[PDB]
There are 2 protein chains.
Amino acid sequence: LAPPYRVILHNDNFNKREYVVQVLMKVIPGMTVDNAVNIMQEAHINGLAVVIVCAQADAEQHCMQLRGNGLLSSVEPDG
Amino acid sequence: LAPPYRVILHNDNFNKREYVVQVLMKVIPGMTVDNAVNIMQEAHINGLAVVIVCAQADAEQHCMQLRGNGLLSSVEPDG
């Protein structure tokens, strides 16, 4: 199977913390409100936070819906 | 000032949640118990978590301090 990739969430200064959480659970399979608030907290604290690690194609897709809902997210290889 | 590097905390199946939190508080400058539990939570759920973003030399130091206290840690460039 395919290499693992990291979906990165970078701080954004436009959408507010609650919507961020809304998006995370909206697009990410298995995403809880508990996990999403941590991600927001950690991305806001460090500038970036790991959203999920998944096969590359699945990662690219979830990164797409994130960007399309207005959040700034990057993909990088899990290494 | 210096280019940013990431100190990464990886999940492992040996350390206890509370121990992970104590180590983070011990070695990482400025670390709150609130931030530490978040980092531990995020590595546990996602497989890895960003501990701190700092200069390369400092990132290496903290990664080594983590490893010496029994945790799985890597350093990488913030990009």
# chains A, B, ... in the order shown; residues from 1 in each chain; ligands from 1
>>> interface_residues(of="chain A", to="chain B", cutoff="10 Å", atoms="only C-alpha atoms", output="VMD selection string")
chain A and resid 6 34 to 39 41 to 43 45 to 54 74 76 78 to 79
>>> select_by_dssp(residues="chain B", states="strand (DSSP E)", output="list in words")
residues 5, 6, 7, 8, 9, 10, 48, 49, 50, 51, 52, 53, 54, 72, 73, 74, 75, 76 and 77 of chain B
>>> write_last_selection(atoms="N, CA, C and O atoms", output="PDB file, in the first residue's frame")
ATOM      1  N   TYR B   5      12.623  24.920  13.259  1.00  0.00           N
ATOM      2  CA  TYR B   5      12.645  23.473  13.158  1.00  0.00           C
ATOM      3  C   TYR B   5      11.587  22.920  14.097  1.00  0.00           C
ATOM      4  O   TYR B   5      11.226  23.549  15.097  1.00  0.00           O
ATOM      5  N   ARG B   6      11.093  21.732  13.766  1.00  0.00           N
ATOM      6  CA  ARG B   6      10.040  21.079  14.531  1.00  0.00           C
ATOM      7  C   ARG B   6      10.634  19.979  15.402  1.00  0.00           C
ATOM      8  O   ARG B   6      11.459  19.187  14.930  1.00  0.00           O
ATOM      9  N   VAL B   7      10.262  19.976  16.684  1.00  0.00           N
ATOM     10  CA  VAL B   7      10.495  18.848  17.581  1.00  0.00           C
ATOM     11  C   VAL B   7       9.208  18.031  17.611  1.00  0.00           C
ATOM     12  O   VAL B   7       8.145  18.534  18.000  1.00  0.00           O
ATOM     13  N   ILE B   8       9.312  16.780  17.192  1.00  0.00           N
ATOM     14  CA  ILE B   8       8.178  15.876  17.060  1.00  0.00           C
ATOM     15  C   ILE B   8       8.196  14.835  18.169  1.00  0.00           C
ATOM     16  O   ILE B   8       9.242  14.279  18.516  1.00  0.00           O
ATOM     17  N   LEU B   9       7.006  14.565  18.712  1.00  0.00           N
ATOM     18  CA  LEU B   9       6.757  13.502  19.679  1.00  0.00           C
ATOM     19  C   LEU B   9       5.956  12.421  18.962  1.00  0.00           C
ATOM     20  O   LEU B   9       4.896  12.701  18.392  1.00  0.00           O
ATOM     21  N   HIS B  10       6.492  11.204  18.938  1.00  0.00           N
ATOM     22  CA  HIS B  10       5.809  10.062  18.352  1.00  0.00           C
ATOM     23  C   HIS B  10       5.168   9.187  19.428  1.00  0.00           C
ATOM     24  O   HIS B  10       5.702   9.027  20.529  1.00  0.00           O
ATOM     25  N   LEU B  48       1.655  11.146  16.107  1.00  0.00           N
ATOM     26  CA  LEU B  48       2.748  12.096  16.298  1.00  0.00           C
ATOM     27  C   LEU B  48       2.163  13.459  16.626  1.00  0.00           C
ATOM     28  O   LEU B  48       1.000  13.739  16.334  1.00  0.00           O
ATOM     29  N   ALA B  49       2.985  14.303  17.243  1.00  0.00           N
ATOM     30  CA  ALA B  49       2.540  15.646  17.583  1.00  0.00           C
ATOM     31  C   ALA B  49       3.726  16.591  17.672  1.00  0.00           C
ATOM     32  O   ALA B  49       4.827  16.197  18.059  1.00  0.00           O
ATOM     33  N   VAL B  50       3.481  17.850  17.315  1.00  0.00           N
ATOM     34  CA  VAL B  50       4.508  18.885  17.369  1.00  0.00           C
ATOM     35  C   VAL B  50       4.644  19.340  18.815  1.00  0.00           C
ATOM     36  O   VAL B  50       3.684  19.824  19.424  1.00  0.00           O
ATOM     37  N   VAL B  51       5.852  19.213  19.354  1.00  0.00           N
ATOM     38  CA  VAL B  51       6.114  19.599  20.733  1.00  0.00           C
ATOM     39  C   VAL B  51       6.407  21.094  20.834  1.00  0.00           C
ATOM     40  O   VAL B  51       5.844  21.810  21.674  1.00  0.00           O
ATOM     41  N   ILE B  52       7.302  21.581  19.977  1.00  0.00           N
ATOM     42  CA  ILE B  52       7.742  22.970  19.978  1.00  0.00           C
ATOM     43  C   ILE B  52       8.392  23.269  18.632  1.00  0.00           C
ATOM     44  O   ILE B  52       8.925  22.368  17.969  1.00  0.00           O
ATOM     45  N   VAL B  53       8.378  24.531  18.234  1.00  0.00           N
ATOM     46  CA  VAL B  53       9.094  24.997  17.058  1.00  0.00           C
ATOM     47  C   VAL B  53      10.180  25.937  17.566  1.00  0.00           C
ATOM     48  O   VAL B  53       9.894  26.891  18.299  1.00  0.00           O
ATOM     49  N   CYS B  54      11.422  25.667  17.181  1.00  0.00           N
ATOM     50  CA  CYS B  54      12.573  26.385  17.705  1.00  0.00           C
ATOM     51  C   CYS B  54      13.703  26.245  16.694  1.00  0.00           C
ATOM     52  O   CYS B  54      13.592  25.530  15.692  1.00  0.00           O
ATOM     53  N   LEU B  72       9.865   8.675  22.070  1.00  0.00           N
ATOM     54  CA  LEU B  72      10.234   8.640  20.654  1.00  0.00           C
ATOM     55  C   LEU B  72      10.086  10.046  20.069  1.00  0.00           C
ATOM     56  O   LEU B  72       8.990  10.623  20.123  1.00  0.00           O
ATOM     57  N   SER B  73      11.197  10.625  19.594  1.00  0.00           N
ATOM     58  CA  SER B  73      11.221  12.001  19.108  1.00  0.00           C
ATOM     59  C   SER B  73      12.088  12.134  17.859  1.00  0.00           C
ATOM     60  O   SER B  73      13.077  11.418  17.686  1.00  0.00           O
ATOM     61  N   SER B  74      11.676  13.040  16.976  1.00  0.00           N
ATOM     62  CA  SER B  74      12.423  13.383  15.772  1.00  0.00           C
ATOM     63  C   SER B  74      12.504  14.902  15.651  1.00  0.00           C
ATOM     64  O   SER B  74      11.726  15.633  16.269  1.00  0.00           O
ATOM     65  N   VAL B  75      13.458  15.367  14.847  1.00  0.00           N
ATOM     66  CA  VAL B  75      13.554  16.774  14.484  1.00  0.00           C
ATOM     67  C   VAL B  75      13.374  16.901  12.977  1.00  0.00           C
ATOM     68  O   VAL B  75      13.896  16.075  12.219  1.00  0.00           O
ATOM     69  N   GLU B  76      12.692  17.959  12.537  1.00  0.00           N
ATOM     70  CA  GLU B  76      12.547  18.204  11.110  1.00  0.00           C
ATOM     71  C   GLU B  76      12.411  19.694  10.844  1.00  0.00           C
ATOM     72  O   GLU B  76      12.025  20.456  11.739  1.00  0.00           O
ATOM     73  N   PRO B  77      12.712  20.140   9.618  1.00  0.00           N
ATOM     74  CA  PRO B  77      12.537  21.557   9.277  1.00  0.00           C
ATOM     75  C   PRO B  77      11.066  21.925   9.217  1.00  0.00           C
ATOM     76  O   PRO B  77      10.218  21.114   8.845  1.00  0.00           O
TER      77      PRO B  77
END
>>> residues_around(residues="residue 18 of chain A", least_positions_apart="4", cutoff="9 Å", atoms="only C-alpha atoms", output="PyMOL selection string")
chain A and resi 22-23+37+40
>>> write_last_selection(atoms="C-alpha atoms", output="mmCIF file, in the first residue's frame")
data_model
loop_
_atom_site.group_PDB
_atom_site.id
_atom_site.type_symbol
_atom_site.label_atom_id
_atom_site.label_comp_id
_atom_site.auth_asym_id
_atom_site.auth_seq_id
_atom_site.Cartn_x
_atom_site.Cartn_y
_atom_site.Cartn_z
ATOM 1 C CA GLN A 22 -16.754 22.129 12.447
ATOM 2 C CA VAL A 23 -14.625 21.562 9.357
ATOM 3 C CA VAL A 37 -10.350 21.339 19.532
ATOM 4 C CA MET A 40 -7.021 24.041 16.788
#
>>> residues_around(residues="segment 56-61 of chain A", least_positions_apart="3", cutoff="6 Å", atoms="only C-alpha atoms", output="list in words")
residues 3, 4, 5 and 64 of chain A
>>> select_by_dssp(residues="segment 5-35 of chain A", states="alpha helix (DSSP H)", output="ChimeraX atom specification")
/A:17-27,33-35
>>> atom_distance(atom1="atom CA of residue 12 of chain B", atom2="atom CA of residue 71 of chain B")
7.4 Å
>>> atom_distance(atom1="atom CA of residue 2 of chain B", atom2="atom CA of residue 55 of chain B")
5.7 Å
>>> atom_distance(atom1="atom CA of residue 66 of chain A", atom2="atom CA of residue 13 of chain A")
15.1 Å
>>> decode(residues="segment 44-62 of chain A", atoms="N, CA, C and O atoms", output="PDB file, in the first residue's frame")
ATOM      1  N   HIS A  44      -2.843  26.716  16.664  1.00  0.00           N
ATOM      2  CA  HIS A  44      -2.780  28.103  17.109  1.00  0.00           C
ATOM      3  C   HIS A  44      -1.564  28.346  17.990  1.00  0.00           C
ATOM      4  O   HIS A  44      -0.971  29.433  17.947  1.00  0.00           O
ATOM      5  N   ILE A  45      -1.177  27.353  18.796  1.00  0.00           N
ATOM      6  CA  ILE A  45      -0.057  27.547  19.710  1.00  0.00           C
ATOM      7  C   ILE A  45       1.273  27.459  18.973  1.00  0.00           C
ATOM      8  O   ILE A  45       2.173  28.270  19.215  1.00  0.00           O
ATOM      9  N   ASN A  46       1.425  26.492  18.070  1.00  0.00           N
ATOM     10  CA  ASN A  46       2.706  26.248  17.421  1.00  0.00           C
ATOM     11  C   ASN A  46       2.728  26.689  15.966  1.00  0.00           C
ATOM     12  O   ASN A  46       3.763  26.525  15.303  1.00  0.00           O
ATOM     13  N   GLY A  47       1.607  27.186  15.436  1.00  0.00           N
ATOM     14  CA  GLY A  47       1.515  27.573  14.047  1.00  0.00           C
ATOM     15  C   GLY A  47       1.068  26.460  13.140  1.00  0.00           C
ATOM     16  O   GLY A  47       0.669  26.726  11.999  1.00  0.00           O
ATOM     17  N   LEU A  48       1.162  25.218  13.594  1.00  0.00           N
ATOM     18  CA  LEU A  48       0.800  24.079  12.779  1.00  0.00           C
ATOM     19  C   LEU A  48       0.573  22.898  13.703  1.00  0.00           C
ATOM     20  O   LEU A  48       1.187  22.793  14.768  1.00  0.00           O
ATOM     21  N   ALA A  49      -0.259  21.976  13.234  1.00  0.00           N
ATOM     22  CA  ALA A  49      -0.648  20.799  13.992  1.00  0.00           C
ATOM     23  C   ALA A  49      -1.035  19.700  13.015  1.00  0.00           C
ATOM     24  O   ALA A  49      -1.590  19.971  11.945  1.00  0.00           O
ATOM     25  N   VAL A  50      -0.770  18.459  13.406  1.00  0.00           N
ATOM     26  CA  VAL A  50      -1.080  17.308  12.565  1.00  0.00           C
ATOM     27  C   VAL A  50      -2.557  16.982  12.704  1.00  0.00           C
ATOM     28  O   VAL A  50      -3.049  16.755  13.814  1.00  0.00           O
ATOM     29  N   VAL A  51      -3.262  16.963  11.581  1.00  0.00           N
ATOM     30  CA  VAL A  51      -4.692  16.679  11.582  1.00  0.00           C
ATOM     31  C   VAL A  51      -4.946  15.183  11.544  1.00  0.00           C
ATOM     32  O   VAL A  51      -5.717  14.639  12.340  1.00  0.00           O
ATOM     33  N   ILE A  52      -4.282  14.503  10.614  1.00  0.00           N
ATOM     34  CA  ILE A  52      -4.444  13.068  10.442  1.00  0.00           C
ATOM     35  C   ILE A  52      -3.275  12.577   9.610  1.00  0.00           C
ATOM     36  O   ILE A  52      -2.667  13.343   8.855  1.00  0.00           O
ATOM     37  N   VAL A  53      -2.949  11.298   9.759  1.00  0.00           N
ATOM     38  CA  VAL A  53      -1.978  10.638   8.899  1.00  0.00           C
ATOM     39  C   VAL A  53      -2.688   9.511   8.161  1.00  0.00           C
ATOM     40  O   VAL A  53      -3.392   8.707   8.785  1.00  0.00           O
ATOM     41  N   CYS A  54      -2.537   9.480   6.833  1.00  0.00           N
ATOM     42  CA  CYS A  54      -3.261   8.505   6.028  1.00  0.00           C
ATOM     43  C   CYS A  54      -2.507   8.230   4.736  1.00  0.00           C
ATOM     44  O   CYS A  54      -1.518   8.892   4.419  1.00  0.00           O
ATOM     45  N   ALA A  55      -2.962   7.210   4.003  1.00  0.00           N
ATOM     46  CA  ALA A  55      -2.388   6.959   2.689  1.00  0.00           C
ATOM     47  C   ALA A  55      -2.393   8.258   1.874  1.00  0.00           C
ATOM     48  O   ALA A  55      -3.232   9.158   2.063  1.00  0.00           O
ATOM     49  N   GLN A  56      -1.446   8.363   0.947  1.00  0.00           N
ATOM     50  CA  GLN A  56      -1.186   9.665   0.344  1.00  0.00           C
ATOM     51  C   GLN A  56      -2.438  10.211  -0.321  1.00  0.00           C
ATOM     52  O   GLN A  56      -2.914  11.294   0.036  1.00  0.00           O
ATOM     53  N   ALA A  57      -3.055   9.421  -1.205  1.00  0.00           N
ATOM     54  CA  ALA A  57      -4.234   9.890  -1.929  1.00  0.00           C
ATOM     55  C   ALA A  57      -5.338  10.320  -0.974  1.00  0.00           C
ATOM     56  O   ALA A  57      -5.936  11.392  -1.139  1.00  0.00           O
ATOM     57  N   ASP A  58      -5.621   9.499   0.039  1.00  0.00           N
ATOM     58  CA  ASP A  58      -6.640   9.880   1.006  1.00  0.00           C
ATOM     59  C   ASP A  58      -6.268  11.192   1.672  1.00  0.00           C
ATOM     60  O   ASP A  58      -7.131  12.039   1.923  1.00  0.00           O
ATOM     61  N   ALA A  59      -4.979  11.370   1.969  1.00  0.00           N
ATOM     62  CA  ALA A  59      -4.512  12.614   2.568  1.00  0.00           C
ATOM     63  C   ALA A  59      -4.741  13.796   1.640  1.00  0.00           C
ATOM     64  O   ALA A  59      -5.319  14.811   2.047  1.00  0.00           O
ATOM     65  N   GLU A  60      -4.313  13.678   0.382  1.00  0.00           N
ATOM     66  CA  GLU A  60      -4.516  14.764  -0.567  1.00  0.00           C
ATOM     67  C   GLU A  60      -5.988  15.151  -0.650  1.00  0.00           C
ATOM     68  O   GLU A  60      -6.321  16.340  -0.719  1.00  0.00           O
ATOM     69  N   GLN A  61      -6.885  14.160  -0.653  1.00  0.00           N
ATOM     70  CA  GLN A  61      -8.316  14.447  -0.712  1.00  0.00           C
ATOM     71  C   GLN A  61      -8.775  15.260   0.495  1.00  0.00           C
ATOM     72  O   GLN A  61      -9.427  16.299   0.350  1.00  0.00           O
ATOM     73  N   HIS A  62      -8.454  14.789   1.704  1.00  0.00           N
ATOM     74  CA  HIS A  62      -8.918  15.471   2.910  1.00  0.00           C
ATOM     75  C   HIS A  62      -8.322  16.862   2.989  1.00  0.00           C
ATOM     76  O   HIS A  62      -8.992  17.812   3.411  1.00  0.00           O
TER      77      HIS A  62
END
